[PDB]
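Below is one structure; the comments refer to it alone.
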There are 2 protein chains.
Amino acid sequence: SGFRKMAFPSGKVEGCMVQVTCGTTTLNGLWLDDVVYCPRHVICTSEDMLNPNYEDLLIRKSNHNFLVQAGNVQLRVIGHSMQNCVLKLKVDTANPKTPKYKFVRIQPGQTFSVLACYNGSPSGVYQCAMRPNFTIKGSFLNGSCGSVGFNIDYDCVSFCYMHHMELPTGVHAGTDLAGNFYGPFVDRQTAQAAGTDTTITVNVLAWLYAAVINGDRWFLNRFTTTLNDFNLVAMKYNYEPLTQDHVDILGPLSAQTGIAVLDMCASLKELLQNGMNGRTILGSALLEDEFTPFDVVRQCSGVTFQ
Amino acid sequence: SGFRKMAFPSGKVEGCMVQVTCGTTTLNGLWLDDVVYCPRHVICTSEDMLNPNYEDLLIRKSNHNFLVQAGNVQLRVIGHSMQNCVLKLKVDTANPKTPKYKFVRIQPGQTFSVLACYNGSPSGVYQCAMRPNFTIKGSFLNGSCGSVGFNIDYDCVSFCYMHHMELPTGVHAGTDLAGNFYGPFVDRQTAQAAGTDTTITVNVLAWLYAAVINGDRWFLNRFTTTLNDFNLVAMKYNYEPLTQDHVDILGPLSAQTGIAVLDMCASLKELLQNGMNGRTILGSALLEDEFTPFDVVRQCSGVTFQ
Ligand SMILES: *[C@H](O)[C@H](C[C@@H]1CCNC1=O)NC(=O)[C@H](CC(C)(C)C)NC(=O)[C@@H](NC(=O)OCc1ccccc1)C(C)C
Ligand SMILES: *[C@H](O)[C@H](C[C@@H]1CCNC1=O)NC(=O)[C@H](CC(C)(C)C)NC(=O)[C@@H](NC(=O)OCc1ccccc1)C(C)C
């Protein structure tokens with residue numbers, strides 16, 4: 001028993017991290033087969049960064065301008081090309097540590113692990129959710145760009161995020177591995193704001209099921225509600241709408257605990273209307289929304305990976 | 001910017017995890033050089049476990065009773081011996097993935113990363129603190145015994161914890177890697193209880209400094225207090241005493257933020273006496289105590305590891 005914010009084991013990704021230095025910029029790259037993926041704004045300098053034209057900046061570059069460093073071994077760049085907001089640097093050596101992988105784009109509400117890196121060297125690993133407003137609430141310092149977010153599916157690493165920038169509220173924006181931003185952000189030093197966020201309702205209910213599996217039941221109640229009456233309550237509290245699909249994904253957790261999804265909705269309603277009365281749930285005094293139904297099942301059932 | 005509960009990258013430890021099966025018990029082992037470390041209660045079966053005599057149970061075992069599995073490669077056991085509550089199984093193959101390592105025993109209040117494993121296969125990684133009552137609040141299911149907790153110091157892995165058991169409040173108990181339990185617990189199925197916990201005051205103050213570095217300042221105040229007047233307030237709220245040493249370790253954070261340690265104590269006092277008034281600090285509605293002063297510096301400064 002117990003419930004923790006749990007990251008995927010990071011070994012498979014640590015072996016793919018390299019340092020990319022060009023001009024006055026150093027950042028992290030992702031080395032899979034003979035390609036190194038990194039944020040395209042490495043080809044910049046601090047005045048290029050007010051409003052650049054990356055297509056122009058890139059034809060001015062030479063292969064030998066890109067210093068790629070895999071630990072204490074240098075990689076020769078033999079080609080370069082830009083795919084949206086990422087650079088693909090072709091190197092003459094294929095990474096012998098390349099895991100089975102996919103590039104996947106995730107949906108708001110879904111979670112992933114982030115391997116925070118500096119200078120090609122992993123610093124820490126932590127779990128994140130993609131917020132409804134396509135930001136993530138990460139922990140990133142200068143030099144962390146090119147760190148990647150990922151999920152693991154048995155032995156396959158699905159890369160879903162590459163880090164690019166911090167927005168003024170301390171939240172973070174980035175791209176998928178094909179270089180397409182999550183949300184309406186651009187890799188420019190121009191005024192940009194996150195936009196209004198909402199709470200991920202299906203994840204909150206999942207975390208309430210995790211609590212019940214773990215012995216926290218005080219918030220349960222005999223009442224029930226309709227899907228429609230629940231969604232009027234979520235609207236007011238800035239929760240995002242609950243669909244019949246979300247009810248289906250919560251079926252397994254409903255079955256394991258004996259609590260109908262719509263009964264747990266009625267509990268969420270009262271929690272929203274009454275607060276928590278100085279009590280806690282799974283050691284939080286807030287309703288937590290960064291655990292998906294799948295995260296809960298993995299942790300409360302013991303799924304592993306090879 | 002941003003602050004997250006951040007684990008160490010786990011790759012160095014993933015390469016050391018193996019599966020140990022003996023009789024009707026399967027658990028995880030730690031494979032360093034030609035020795036596999038695992039909990040001694042693997043040599044048990046479910047009626048041995050009410051009150052065993054492990055010295056007796058172990059001389060009855062044969063080397064060939066221990067099935068050690070490093071992925072899809074079996075390791076031959078060539079010797080066995082017991083060191084307190086862990087077994088050391090000598091195998092004829094040294095682990096080519098053995099990192100530089102140390103066995104260290106940690107102090108209550110200190111943190112570490114846990115690589116939760118089942119059947120020798122890593123499942124997830126998360127950060128823990130050793131509670132004042134020598135339990136940890138982990139996430140462990142049946143089959144997770146032998147999972148280890150650790151810190152990384154540049155390239156060196158300091159192993160500090162091996163998992164053994166869950167106590168009735170859902171908290172977890174284990175040993176250091178020399179097999180000596182943290183706290184007054186024994187690896188027996190006899191009635192055992194955690195004992196009264198307290199809040200780790202120095203870590204709470206560290207997390208308040210992390211908040212200030214990250215832009216949360218609402219809890220700051222013009223007031224101050226003495227170390228002595230602060231400790232009378234901590235006593236009442238079940239916080240553990242703050243020493244002049246703790247004030248010294250908080251010096252760096254005090255210097256970076258311009259907030260004297262005793263000024264942050266006065267803020268903690270009011271937070272303890274008034275609550276948080278429905279506000280949050282670093283996205284928590286509770287005072288968080290599982291970040292050490294070092295954890296805060298690492299995350300707010302960007303220390304890496306190779
Ligand atoms: C890559 O190492 C780095 C990662 C940042 C550094 C601090 N935290 C991080 O996650 N990314 C950058 O330095 C960005 C570079 C560009 C913009 C992608 C070229 N810069 C930023 O992240 C900056 N954000 C912005 O410039 O955009 C928002 C904004 C809002 C208002 C006015 C101007 C710009 C921040 C300021 C570091
Ligand atoms: C090892 O895989 C496993 C890990 C447990 C399983 C569930 N969560 C975990 O962390 N450890 C065990 O199964 C323990 C085996 C012994 C006791 C070390 C031989 N057993 C336990 O963890 C059990 N705890 C106790 O038996 O001790 C406390 C207690 C309190 C009151 C009455 C009897 C015993 C629990 C019940 C699984």
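A note on labels: chains of the structure tokens are A, B, ... as shown, every chain counts residues from 1, and ligands are counted from 1 in their shown order.
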At a cut-off of 9 Å, can you tabulate as JSON lines every residue of chain A near ligand 1 together with its closest atom pair and the distance in Å to one decimal, using only C-alpha atoms and all ligand atoms and ordering rows by chain then number?
```
{"residue": "A:25", "atom": "CA", "partner": "ligand 1", "partner_atom_place_in_ligand_line": "2 (O)", "distance": 8.7}
{"residue": "A:26", "atom": "CA", "partner": "ligand 1", "partner_atom_place_in_ligand_line": "2 (O)", "distance": 7.8}
{"residue": "A:27", "atom": "CA", "partner": "ligand 1", "partner_atom_place_in_ligand_line": "2 (O)", "distance": 6.0}
{"residue": "A:28", "atom": "CA", "partner": "ligand 1", "partner_atom_place_in_ligand_line": "2 (O)", "distance": 8.3}
{"residue": "A:39", "atom": "CA", "partner": "ligand 1", "partner_atom_place_in_ligand_line": "18 (C)", "distance": 8.2}
{"residue": "A:40", "atom": "CA", "partner": "ligand 1", "partner_atom_place_in_ligand_line": "18 (C)", "distance": 8.7}
{"residue": "A:41", "atom": "CA", "partner": "ligand 1", "partner_atom_place_in_ligand_line": "19 (C)", "distance": 5.5}
{"residue": "A:42", "atom": "CA", "partner": "ligand 1", "partner_atom_place_in_ligand_line": "19 (C)", "distance": 8.3}
{"residue": "A:44", "atom": "CA", "partner": "ligand 1", "partner_atom_place_in_ligand_line": "19 (C)", "distance": 7.6}
{"residue": "A:45", "atom": "CA", "partner": "ligand 1", "partner_atom_place_in_ligand_line": "19 (C)", "distance": 8.7}
{"residue": "A:46", "atom": "CA", "partner": "ligand 1", "partner_atom_place_in_ligand_line": "19 (C)", "distance": 8.1}
{"residue": "A:48", "atom": "CA", "partner": "ligand 1", "partner_atom_place_in_ligand_line": "19 (C)", "distance": 8.5}
{"residue": "A:49", "atom": "CA", "partner": "ligand 1", "partner_atom_place_in_ligand_line": "19 (C)", "distance": 5.1}
{"residue": "A:50", "atom": "CA", "partner": "ligand 1", "partner_atom_place_in_ligand_line": "19 (C)", "distance": 7.7}
{"residue": "A:51", "atom": "CA", "partner": "ligand 1", "partner_atom_place_in_ligand_line": "19 (C)", "distance": 8.8}
{"residue": "A:52", "atom": "CA", "partner": "ligand 1", "partner_atom_place_in_ligand_line": "19 (C)", "distance": 8.8}
{"residue": "A:118", "atom": "CA", "partner": "ligand 1", "partner_atom_place_in_ligand_line": "2 (O)", "distance": 8.5}
{"residue": "A:138", "atom": "CA", "partner": "ligand 1", "partner_atom_place_in_ligand_line": "10 (O)", "distance": 8.2}
{"residue": "A:139", "atom": "CA", "partner": "ligand 1", "partner_atom_place_in_ligand_line": "10 (O)", "distance": 7.5}
{"residue": "A:140", "atom": "CA", "partner": "ligand 1", "partner_atom_place_in_ligand_line": "10 (O)", "distance": 4.5}
{"residue": "A:141", "atom": "CA", "partner": "ligand 1", "partner_atom_place_in_ligand_line": "8 (N)", "distance": 4.4}
{"residue": "A:142", "atom": "CA", "partner": "ligand 1", "partner_atom_place_in_ligand_line": "6 (C)", "distance": 3.8}
{"residue": "A:143", "atom": "CA", "partner": "ligand 1", "partner_atom_place_in_ligand_line": "2 (O)", "distance": 3.6}
{"residue": "A:144", "atom": "CA", "partner": "ligand 1", "partner_atom_place_in_ligand_line": "2 (O)", "distance": 4.4}
{"residue": "A:145", "atom": "CA", "partner": "ligand 1", "partner_atom_place_in_ligand_line": "1 (C)", "distance": 3.7}
{"residue": "A:146", "atom": "CA", "partner": "ligand 1", "partner_atom_place_in_ligand_line": "1 (C)", "distance": 7.3}
{"residue": "A:147", "atom": "CA", "partner": "ligand 1", "partner_atom_place_in_ligand_line": "2 (O)", "distance": 8.9}
{"residue": "A:163", "atom": "CA", "partner": "ligand 1", "partner_atom_place_in_ligand_line": "10 (O)", "distance": 7.0}
{"residue": "A:164", "atom": "CA", "partner": "ligand 1", "partner_atom_place_in_ligand_line": "11 (N)", "distance": 5.2}
{"residue": "A:165", "atom": "CA", "partner": "ligand 1", "partner_atom_place_in_ligand_line": "22 (O)", "distance": 3.3}
{"residue": "A:166", "atom": "CA", "partner": "ligand 1", "partner_atom_place_in_ligand_line": "22 (O)", "distance": 3.9}
{"residue": "A:167", "atom": "CA", "partner": "ligand 1", "partner_atom_place_in_ligand_line": "28 (C)", "distance": 4.7}
{"residue": "A:168", "atom": "CA", "partner": "ligand 1", "partner_atom_place_in_ligand_line": "30 (C)", "distance": 5.4}
{"residue": "A:169", "atom": "CA", "partner": "ligand 1", "partner_atom_place_in_ligand_line": "30 (C)", "distance": 9.0}
{"residue": "A:170", "atom": "CA", "partner": "ligand 1", "partner_atom_place_in_ligand_line": "8 (N)", "distance": 8.0}
{"residue": "A:171", "atom": "CA", "partner": "ligand 1", "partner_atom_place_in_ligand_line": "10 (O)", "distance": 8.1}
{"residue": "A:172", "atom": "CA", "partner": "ligand 1", "partner_atom_place_in_ligand_line": "10 (O)", "distance": 6.1}
{"residue": "A:173", "atom": "CA", "partner": "ligand 1", "partner_atom_place_in_ligand_line": "10 (O)", "distance": 7.9}
{"residue": "A:174", "atom": "CA", "partner": "ligand 1", "partner_atom_place_in_ligand_line": "18 (C)", "distance": 8.8}
{"residue": "A:185", "atom": "CA", "partner": "ligand 1", "partner_atom_place_in_ligand_line": "27 (O)", "distance": 8.6}
{"residue": "A:186", "atom": "CA", "partner": "ligand 1", "partner_atom_place_in_ligand_line": "18 (C)", "distance": 7.5}
{"residue": "A:187", "atom": "CA", "partner": "ligand 1", "partner_atom_place_in_ligand_line": "18 (C)", "distance": 4.1}
{"residue": "A:188", "atom": "CA", "partner": "ligand 1", "partner_atom_place_in_ligand_line": "17 (C)", "distance": 4.4}
{"residue": "A:189", "atom": "CA", "partner": "ligand 1", "partner_atom_place_in_ligand_line": "26 (O)", "distance": 3.7}
{"residue": "A:190", "atom": "CA", "partner": "ligand 1", "partner_atom_place_in_ligand_line": "33 (C)", "distance": 4.5}
{"residue": "A:191", "atom": "CA", "partner": "ligand 1", "partner_atom_place_in_ligand_line": "31 (C)", "distance": 3.7}
{"residue": "A:192", "atom": "CA", "partner": "ligand 1", "partner_atom_place_in_ligand_line": "30 (C)", "distance": 4.6}
{"residue": "A:193", "atom": "CA", "partner": "ligand 1", "partner_atom_place_in_ligand_line": "30 (C)", "distance": 6.5}
```
* May I ask you to extract the residues of chain A within 6 Å of chain B, using only C-alpha atoms, and to give them as number ranges by chain? => A: 1-3, 6-11, 122-126, 138-141, 170, 285, 304
* Asked: residue 55 in chain B: which residues within 12 Å, counting only C-alpha atoms, same-chain residues fewer than 3 positions away excluded, as a VMD selection string?
  -> chain B and resid 40 to 41 43 to 44 52 58 to 61 81 to 87
Can I get the selection written as a PDB file, in the first residue's frame, with N, CA and C atoms?
```pdb
ATOM      1  N   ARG B  40      16.557 -11.460   4.219  1.00  0.00           N
ATOM      2  CA  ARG B  40      16.755 -12.830   4.677  1.00  0.00           C
ATOM      3  C   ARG B  40      15.456 -13.612   4.754  1.00  0.00           C
ATOM      4  N   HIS B  41      14.314 -12.948   4.852  1.00  0.00           N
ATOM      5  CA  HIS B  41      13.060 -13.708   4.944  1.00  0.00           C
ATOM      6  C   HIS B  41      12.646 -14.376   3.591  1.00  0.00           C
ATOM      7  N   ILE B  43      14.123 -17.038   2.726  1.00  0.00           N
ATOM      8  CA  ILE B  43      14.355 -18.450   3.037  1.00  0.00           C
ATOM      9  C   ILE B  43      13.192 -19.074   3.789  1.00  0.00           C
ATOM     10  N   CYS B  44      12.147 -18.292   4.047  1.00  0.00           N
ATOM     11  CA  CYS B  44      10.939 -18.593   4.800  1.00  0.00           C
ATOM     12  C   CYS B  44       9.834 -19.143   3.889  1.00  0.00           C
ATOM     13  N   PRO B  52      10.148 -17.013  13.187  1.00  0.00           N
ATOM     14  CA  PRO B  52      11.216 -17.875  12.679  1.00  0.00           C
ATOM     15  C   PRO B  52      12.505 -17.763  13.488  1.00  0.00           C
ATOM     16  N   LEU B  58      18.648 -21.244   7.766  1.00  0.00           N
ATOM     17  CA  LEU B  58      19.651 -21.018   6.730  1.00  0.00           C
ATOM     18  C   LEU B  58      20.609 -22.196   6.578  1.00  0.00           C
ATOM     19  N   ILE B  59      20.987 -22.858   7.673  1.00  0.00           N
ATOM     20  CA  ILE B  59      21.866 -24.018   7.524  1.00  0.00           C
ATOM     21  C   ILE B  59      21.158 -25.171   6.811  1.00  0.00           C
ATOM     22  N   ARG B  60      19.825 -25.186   6.833  1.00  0.00           N
ATOM     23  CA  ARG B  60      19.010 -26.149   6.105  1.00  0.00           C
ATOM     24  C   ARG B  60      18.941 -25.884   4.615  1.00  0.00           C
ATOM     25  N   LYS B  61      19.437 -24.740   4.157  1.00  0.00           N
ATOM     26  CA  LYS B  61      19.343 -24.363   2.759  1.00  0.00           C
ATOM     27  C   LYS B  61      20.558 -24.894   2.008  1.00  0.00           C
ATOM     28  N   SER B  81      25.579 -16.421   2.903  1.00  0.00           N
ATOM     29  CA  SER B  81      25.854 -16.095   4.295  1.00  0.00           C
ATOM     30  C   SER B  81      24.911 -14.984   4.707  1.00  0.00           C
ATOM     31  N   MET B  82      24.643 -14.913   6.000  1.00  0.00           N
ATOM     32  CA  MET B  82      23.687 -13.961   6.528  1.00  0.00           C
ATOM     33  C   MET B  82      24.422 -12.873   7.288  1.00  0.00           C
ATOM     34  N   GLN B  83      24.059 -11.623   7.020  1.00  0.00           N
ATOM     35  CA  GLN B  83      24.556 -10.470   7.768  1.00  0.00           C
ATOM     36  C   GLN B  83      23.346  -9.735   8.339  1.00  0.00           C
ATOM     37  N   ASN B  84      23.077  -9.958   9.625  1.00  0.00           N
ATOM     38  CA  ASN B  84      21.881  -9.417  10.254  1.00  0.00           C
ATOM     39  C   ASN B  84      20.639  -9.816   9.458  1.00  0.00           C
ATOM     40  N   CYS B  85      19.832  -8.852   9.007  1.00  0.00           N
ATOM     41  CA  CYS B  85      18.583  -9.215   8.344  1.00  0.00           C
ATOM     42  C   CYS B  85      18.689  -9.313   6.808  1.00  0.00           C
ATOM     43  N   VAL B  86      19.889  -9.225   6.222  1.00  0.00           N
ATOM     44  CA  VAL B  86      20.057  -9.453   4.785  1.00  0.00           C
ATOM     45  C   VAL B  86      20.852 -10.735   4.546  1.00  0.00           C
ATOM     46  N   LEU B  87      20.581 -11.362   3.400  1.00  0.00           N
ATOM     47  CA  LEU B  87      21.376 -12.462   2.861  1.00  0.00           C
ATOM     48  C   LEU B  87      22.352 -11.947   1.821  1.00  0.00           C
TER      49      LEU B  87
END
```
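Excluding residue 176 in chain A itself and any same-chain residue fewer than 2 positions from it, the protein and nucleic acid residues within 10 Å of it, counting only C-alpha atoms, are residues 85, 86, 103, 104, 105, 106, 148, 149, 159, 160, 161, 162, 163, 174, 178, 179, 180, 181 and 182 of chain A.
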Keeping C-alpha atoms for every residue in the selection just given, could you write it to a file as a PDB file, in the first residue's frame?
```
ATOM      1  CA  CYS A  85      11.082  23.613 -33.735  1.00  0.00           C
ATOM      2  CA  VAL A  86      13.654  20.768 -33.303  1.00  0.00           C
ATOM      3  CA  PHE A 103       7.496   9.530 -30.838  1.00  0.00           C
ATOM      4  CA  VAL A 104       3.968  10.081 -29.523  1.00  0.00           C
ATOM      5  CA  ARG A 105       2.021  13.266 -28.913  1.00  0.00           C
ATOM      6  CA  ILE A 106       0.080  13.271 -25.633  1.00  0.00           C
ATOM      7  CA  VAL A 148      12.691  15.087 -22.594  1.00  0.00           C
ATOM      8  CA  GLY A 149       9.474  13.714 -21.120  1.00  0.00           C
ATOM      9  CA  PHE A 159       8.949  10.184 -26.021  1.00  0.00           C
ATOM     10  CA  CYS A 160       6.284  12.844 -25.745  1.00  0.00           C
ATOM     11  CA  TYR A 161       7.972  16.095 -24.678  1.00  0.00           C
ATOM     12  CA  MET A 162      11.081  18.173 -25.304  1.00  0.00           C
ATOM     13  CA  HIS A 163      11.621  21.215 -23.091  1.00  0.00           C
ATOM     14  CA  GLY A 174       7.749  22.610 -25.090  1.00  0.00           C
ATOM     15  CA  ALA A 178       8.477  16.114 -34.127  1.00  0.00           C
ATOM     16  CA  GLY A 179       9.072  19.706 -33.023  1.00  0.00           C
ATOM     17  CA  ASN A 180       5.445  20.838 -32.810  1.00  0.00           C
ATOM     18  CA  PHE A 181       4.645  22.929 -29.760  1.00  0.00           C
ATOM     19  CA  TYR A 182       2.096  21.949 -27.199  1.00  0.00           C
TER      20      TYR A 182
END
```
* Structure fact -> The residue from B:155, B:290, B:263, B:47 with the smallest atom-to-atom distance to ligand 2, counting only C-alpha atoms and all ligand atoms, is B:47
* To do: Run DSSP on the backbone and grab whatever in range 46-148 of chain B lands in strand (DSSP E or B); send it over as a PyMOL selection string.
  => chain B and resi 66-70+73-75+77-83+86-91+101-103+111-118+121-129+136+148
* Pick from B:220, B:20, B:202, B:156: nearest to ligand 2, with only C-alpha atoms and all ligand atoms counted? ->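 Answer, going by the shortest atom-to-atom distance: B:20.
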* **Backbone-only DSSP, alpha helix (DSSP H) members of range 19-259 of chain B, as a ChimeraX atom specification** => /B:54-59,201-213,227-236,244-249,251-257
With 12 Å as the cut-off and only C-alpha atoms counted, what is the closest atom pair between each nearby residue of range 74-132 of chain B and range 240-256 of chain B? Distances in Å to one decimal, ordered by chain and number, as JSON lines.
```
{"residue": "B:108", "atom": "CA", "partner": "B:240", "partner_atom": "CA", "distance": 10.9}
{"residue": "B:109", "atom": "CA", "partner": "B:240", "partner_atom": "CA", "distance": 10.0}
{"residue": "B:131", "atom": "CA", "partner": "B:240", "partner_atom": "CA", "distance": 11.1}
{"residue": "B:132", "atom": "CA", "partner": "B:240", "partner_atom": "CA", "distance": 8.5}
```
* Could you work out how far CA of residue 101 in chain A lies from CA of residue 88 in chain A, giving the answer in Å with one decimal? -> 16.3 Å
* Asked: How many Å lie between CA of residue 292 in chain B and CA of residue 207 in chain B, rounded to one decimal?
  -> 7.7 Å
